[PDB]
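Engineer: One structure follows; several queries about it will come next.
Positions of Cβ are generated from backbone atoms using ideal geometry, with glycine treated the same way; all protein chains shown enter the neighbour counts. No lab work stands behind these numbers, since they all come straight from the coordinates.
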Amino acid sequence: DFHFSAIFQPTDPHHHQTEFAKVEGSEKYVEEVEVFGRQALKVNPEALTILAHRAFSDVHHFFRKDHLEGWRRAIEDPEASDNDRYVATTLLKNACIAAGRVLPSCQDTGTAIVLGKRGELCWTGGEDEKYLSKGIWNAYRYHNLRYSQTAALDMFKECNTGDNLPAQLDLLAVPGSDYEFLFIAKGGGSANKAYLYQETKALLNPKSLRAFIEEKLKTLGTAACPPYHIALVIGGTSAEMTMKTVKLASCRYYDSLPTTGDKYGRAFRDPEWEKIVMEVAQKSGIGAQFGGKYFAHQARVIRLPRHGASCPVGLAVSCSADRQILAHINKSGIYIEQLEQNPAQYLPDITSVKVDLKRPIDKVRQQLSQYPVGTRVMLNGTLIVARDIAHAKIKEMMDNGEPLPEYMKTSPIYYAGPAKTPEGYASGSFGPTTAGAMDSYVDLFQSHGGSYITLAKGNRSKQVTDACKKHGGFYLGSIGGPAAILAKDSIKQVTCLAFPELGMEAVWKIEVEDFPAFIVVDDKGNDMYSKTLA
Amino acid sequence: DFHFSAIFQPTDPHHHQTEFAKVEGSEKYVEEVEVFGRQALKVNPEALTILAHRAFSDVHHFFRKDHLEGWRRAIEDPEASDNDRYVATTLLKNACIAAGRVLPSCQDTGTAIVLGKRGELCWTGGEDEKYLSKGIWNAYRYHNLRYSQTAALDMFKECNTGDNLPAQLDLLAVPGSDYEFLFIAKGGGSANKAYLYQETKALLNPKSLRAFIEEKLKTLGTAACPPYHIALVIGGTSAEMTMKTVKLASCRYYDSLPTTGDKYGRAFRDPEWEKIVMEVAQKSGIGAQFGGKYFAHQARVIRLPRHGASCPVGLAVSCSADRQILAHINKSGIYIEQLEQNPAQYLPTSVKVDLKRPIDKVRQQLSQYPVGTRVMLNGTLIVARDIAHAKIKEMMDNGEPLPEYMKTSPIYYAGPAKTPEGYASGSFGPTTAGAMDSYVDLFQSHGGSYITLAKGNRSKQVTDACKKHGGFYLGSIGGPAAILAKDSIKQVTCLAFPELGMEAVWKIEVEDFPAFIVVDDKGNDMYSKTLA
Ligand code: SF4
Ligand code: SF4
């Protein structure tokens, strides 16, 4: 009566539907042997370093076809809004710059995540973690990427690790003698939009599930740079299993799962509810960051078994920096997924207010006050750059009696942290970070005569709308994601002004030209997300 | 220069601090060999079946010392409340029954979770998941446990798998030639109290973190049968990594981590903030289920590295059914963590309520007492939980009446384990009340469910409903499923929806069933002060 049924039963477990390229000459790293009648593969661990290094270089300059097709859909769909088409065109042009292999597609070159599946008879010598980490170290050290990892010296004392390590290394034991991989360069912003809900059987009916989806999609907002790949996982054997599944779903790792359940509790993809998620996303009006139809590229919905007393639910997105690469090592060598090297083919063959920042900031506020939310502006002049740690350090100084520093009162505040500057370039990739993380500082800083104008991406909380109304302030929404084209075209000079020890989180002073943004919050209580994200 | 630093650097990675017993004769399943100059281990995969079978049998009848010591601490502390001591005494007596190896310690014998670490040169033949699952299948089939897994035939159509499969099988590739395991029989109630929060740098200061902890501990409530092992994980490289870490922390799997961080971002345990969590737990007044000091056995706090833009936070508990077992296979055979087989060494009025009356008479009697009154129920209970409530609401939405069996007796939210041969009942404690909250006002406005019996604090809608309709919520002690079955339950019959397995509607006859009045018919809630 016993019948074993694996939870996950992909019809394409080795991802034959994906195109792979062989690393030239890499068969020298493997040797086929036979022990106790069984075929085994000896793998020189240097192969892991070579593979991880190439994966975490290529993935910052190229995208999958299904990602690029989504941007083209947003440009060509008559139902797309004008802002949809503008955002998608910007992101596609950004991808063309990134394909030059100098600037990464986003300034947040992400956390390095490795899912590895080492066969029982795949013999590496056992030091997989170190050799994979050395390849990741190589990719971020010798390329124009960013060191994004923050070490805790104690509970509250932090420092940047200076090399984007440690990585997340999830190495699984599986049958056979090969070594299979999914590499993910996961941005912090989309990582923040991985949510776990503890629900019940009361959710598991069409009316409740639909209302649930409508409610939760709005909590994603625009804070992870849509158009999104939206993943939704209903059920699971534990919270961590549910969240791992929703991560992999967002990477389209589970696309070949069956589409029906059975009495053994196997996982399945649900196309009907994927369509419902897409319908909710499109009808939400949230759009590709600034109102419209293209909140989502596509949806993945996976139904999992559950303990009778439990119903964990996971919701997560892949952002505009959609970065994953499949790979495998076998008797023929090292193979790595082929990404699209000519994104320009997705660009079709076929209006804003000039804002001079080189003025007293009160004159800039006066000009911005003339326009409603949703107005597109082009910024020209100085920005002062500061994000999470710089804001916390400055509040700490003020809590100790010190004044808000003068450099927080002279120019708009750009929430951003740059990637490393290529030789001969004025700036590395340098797009905005998520605005919501700074929300608790705006009222305090504005009441002390600074931060009247902020520039970042993502919808913000009500306290920021109230502060801007109380203090005559503005929040400007940059397009989220196009860090390479912003660096190449808009950022003319970068200098470090304060807190050099914070690395990418230092206070910078930059000079920009033709920097596009939308007025998201004005000085009158208006918010261009108040209807779609209410 | 490059320097590799693993995130987790336990000083005791092989859990040498744990006592293991060897399965007799199990060296016949392993053979040490040498291939290409390296030591390797051939493992007959039948060893995986034998090990998983014994692990998921033993774990339902015995506990670890640190769990039992916590219960004794609650009984002996002069600062514990009377309710603290009463709950802890009940749970220890429950453990004494479970050590008889017939009744499991809880009716919720849990999801079977296996964390496995197979060495590079540990050769099993590769079919580990099937052989581990067969051993799990054996344990739940051939013992008096429960089939708790719900399969989705489509998005909404469900059925019980009938064997407590599938298991969660997380098999990792590690150095060496051994096979190391953590087995977890994870209750659904404590699995539900695994929470993920997406926070920011603004949290990372003493004042903000302390207020955060005080706020989130209350959201645990009593719904997962405290005293809790409380785990808190600050940071992490992803949500799933944070949630995996907090699960393992709650199993005391990371107790030997370093206690200081470094510039490479290694994980560390934080004893100072563990003490703060325990201080918050004690001063909360929530207590061991019914007010007092013993909300928590102990705390684990792990600080993790984070992306500059991110701060995932994980909070999770291990419940009264604290069930995990370490194990390993090596060249000498199969070794399994030794649990405490003599829990008795740790062991140092109420209102009689007759249920054999019209339910309006029972309601009248209950109305004479304030919340916090301990009652003893004698008579018939109707048993129904999540799926039965959903089916009954569906019937009413289609014009059908609220069934008669929802109007004659108190509703006990519960699902039993299998009945041992010659016993009146298998383990049969309550399930979490909160999952039924959305039904109470509806059922009461249709003339039933005036008295409910379960465990855990409930939402305000239930308090409003009981006040509007003259209802009551009675709180059973949560966890003591074996002693309730042995001493209180005299007859069990399946009443409706037999295809639901343990989630069928049952009719049971009980004697001396202990409970507290948690919500009365006047708007009062005995958790309104501690869980506000
Ligand atoms: S800035 Fe936007 S595109 Fe870049 S990693 Fe963050 S969420 Fe993704
Ligand atoms: S009923 Fe209580 S003790 Fe039993 S598994 Fe659920 S939470 Fe744990």
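Engineer: Rounded, prolate or oblate: which fits region B:1-53, taking a ≥ b ≥ c as square roots of the Cα gyration tensor eigenvalues, rounded meaning a/c under 1.5, else prolate when a/b beats b/c?
Structural biologist: Numbers: a/c = 2.73, a/b = 1.47, b/c = 1.86.
Oblate is the answer for region B:1-53, as a/c is 1.5 or above yet b/c matches or exceeds a/b.
Engineer: Once amide H atoms are built 1.01 Å from N in the peptide plane, which residues 5 or more positions from B:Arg323, or in another chain, come under 5 Å H to H?
Structural biologist: B:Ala185
Engineer: Also, quick follow-up: Where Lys and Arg each count +1 and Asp and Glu each count -1, what net charge lies around B:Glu337 among other residues with Cβ under 9 Å from its Cβ? Intermediate values should be presented prior to the final figure.
Structural biologist: Working: positive: B:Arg64; negative: B:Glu19, B:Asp58.
Within the 9 Å Cβ shell, the charges total -1.
Engineer: Rounded if a/c is under 1.5, else prolate if a/b is larger than b/c, else oblate: which is region B:169-228, with a ≥ b ≥ c the root eigenvalues of its Cα gyration tensor?
Structural biologist: Values: a/c = 3.31, a/b = 1.56, b/c = 2.12.
The shape class here is oblate.
Engineer: Dipole size in debye (nearest 20) for region A:351-534 around its Cα centre, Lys and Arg Cβ +1, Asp and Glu Cβ -1? If you can, show how the numbers build up before the last one.
Structural biologist: Details: 21 positive and 20 negative charges, 102 e Å.
Charge dipole of region A:351-534: 480 debye, to the nearest 20.
Engineer: Right, here's the next one. In which sequence would B:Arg210, A:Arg118, B:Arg363, B:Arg252 go, from the one with the fewest C-beta neighbours within 10 Å to the one with the most?
Structural biologist: Details: B:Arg210 15, A:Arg118 27, B:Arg363 18, B:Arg252 22.
With the sparsest Cβ surroundings first, the list reads B:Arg210, B:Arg363, B:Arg252, A:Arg118.
Engineer: Taking every DSSP beta bridge with both residues inside region A:351-534, roughly what % is antiparallel (nearest 5)?
Structural biologist: If I count the DSSP bridges inside region A:351-534, around 60 percent turn out antiparallel.
Engineer: Quick check: Cα centre of region B:158-232 to Cα centre of region B:110-138, how many Å?
Structural biologist: Cα centroid of region B:158-232 versus Cα centroid of region B:110-138: 22 Å apart.
Engineer: Do any GluC sites (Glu not before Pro) in region A:385-438 lie in a loop, going by DSSP, with at most 13 other beta-carbon atoms within 10 Å of their beta carbon, and if so which?
Structural biologist: Qualifying residues, ordered by number: A:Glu423.
Engineer: Another question, if that's okay. Any idea which of B:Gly422, B:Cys311, B:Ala288 is furthest toward the positive side of the dipole for the protein assembly as shown, if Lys and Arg beta-carbons carry +1 and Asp and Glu beta-carbons -1?
Structural biologist: Farthest along the dipole direction, towards plus: B:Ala288.
Engineer: Still on this structure, please answer the following. Less than 18 Å apart at the alpha-carbon level, and either on another chain or at least 8 residues along: which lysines does that give for A:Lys331?
Structural biologist: Counting by Cα, and skipping residues close in sequence, A:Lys331 has these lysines nearby: A:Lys22, A:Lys28, A:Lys42, A:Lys117.
Engineer: To continue, here is another question. Could you tell me which residue out of B:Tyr86, B:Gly110, B:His67 lies farthest along the dipole of region B:24-128 toward its positive end? Charges go on the beta carbon: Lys and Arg +1, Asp and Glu -1, centred on the Cα centre.
Structural biologist: Projecting each Cα onto the dipole axis, the largest value belongs to B:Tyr86.
Engineer: Any idea what the dipole of the protein assembly as shown comes to, in debye rounded to 20, about its Cα centre with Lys/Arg Cβ at +1 and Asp/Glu Cβ at -1? Walk me through the numbers before you get to the answer.
Structural biologist: Details: 122 positive and 123 negative charges, 404 e Å.
Computed charge dipole of the protein assembly as shown: roughly 1940 debye.
Engineer: Right, another one. Taking other Cβ within 10 Å of each residue's Cβ, how do A:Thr18, A:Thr259 sort, fewest first?
Structural biologist: Values: A:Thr18 16, A:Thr259 12.
Neighbour counts put them in this order, fewest first: A:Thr259, A:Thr18.
Engineer: Which whole-angstrom value gives the distance between the alpha carbon centres of region A:397-441 and region A:7-39?
Structural biologist: 46 Å
Engineer: Which one, A:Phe20, A:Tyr179, B:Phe4, is farthest towards the positive end of the dipole of the protein assembly as shown when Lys and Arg carry +1 and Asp and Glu -1 on their Cβ?
Structural biologist: My answer, from the dipole projection, is B:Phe4.
Engineer: Which net charge results for the neighbourhood of A:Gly135, defined as the other residues with beta-carbon distances under 14 angstrom from its beta-carbon, given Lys and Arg at +1 and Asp and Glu at -1?
Structural biologist: On the way: positive: A:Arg54, A:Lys130, A:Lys134, A:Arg141; negative: A:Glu46, A:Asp58, A:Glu127, A:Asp128, A:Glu129, A:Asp163.
Taking every other residue near A:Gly135 into account, the sum is -2.
Engineer: Is the C-alpha gyration tensor of region A:187-321 telling us rounded, prolate or oblate? Criteria: a/c under 1.5 is rounded; beyond that, a/b larger than b/c is prolate, otherwise oblate.
Structural biologist: Prolate is the answer for region A:187-321, as a/c is 1.5 or above and a/b outweighs b/c.
Engineer: Now a separate question. Straight distance only, please: which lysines reach the Cα of B:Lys391 with their own Cα at less than 19 Å, same-chain residues fewer than 8 apart left out?
Structural biologist: A:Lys201, A:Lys207, B:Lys157, B:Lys407, B:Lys507
Engineer: Let me ask something additional. Please state the charge dipole magnitude for chain A, taken about the Cα centre, from unit charges on C-beta atoms (+1 on K and R, -1 on D and E), reported in debye and rounded to the nearest 20. Kindly include the intermediate steps, with their values, before the conclusion.
Structural biologist: Values: 61 positive and 62 negative charges, 205 e Å.
Value, rounded to 20: 980 debye.
Engineer: Averaged over all directions, how much area does the convex hull of the C-alpha atoms of region B:349-532 cover when projected, in nm²?
Structural biologist: Details: hull surface 39.3 nm².
In nm², the orientation-averaged hull projection of region B:349-532 is 9.8.
Engineer: Starting from the Cα coordinates of region B:90-205, work out the convex hull volume and express it per residue in Å³. Intermediate results must be reported in sequence, preceding the final value.
Structural biologist: Details: hull volume 25.2 nm³, N = 116.
In region B:90-205, the Cα hull volume divided by residue count equals 217 Å³.
Engineer: Once the other residues with Cβ under 9 Å from the Cβ of A:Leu326 are scored (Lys, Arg +1; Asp, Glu -1), what is the net sum?
Structural biologist: Values: positive: none; negative: A:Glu180, A:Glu337.
Spelling it out: positives minus negatives among the neighbours equals -2.
Engineer: Would you calculate, for chain A, the mean residue ellipticity at 222 nm contributed by helices, counting each DSSP H stretch of 4 or more residues as -39,500 (n - 2.57) and dividing by all residues, to the nearest 500?
Structural biologist: Values: 12 runs with 141 residues, N = 534.
The per-residue figure over chain A is -8000 deg cm²/dmol.
Engineer: At q = 0.09 Å⁻¹, what log₁₀ I(q)/I(0) does a Debye calculation on the Cα points of the protein assembly as shown give, no solvent, two decimals?
Structural biologist: Log10 I(q)/I(0), no solvent term: -1.06.
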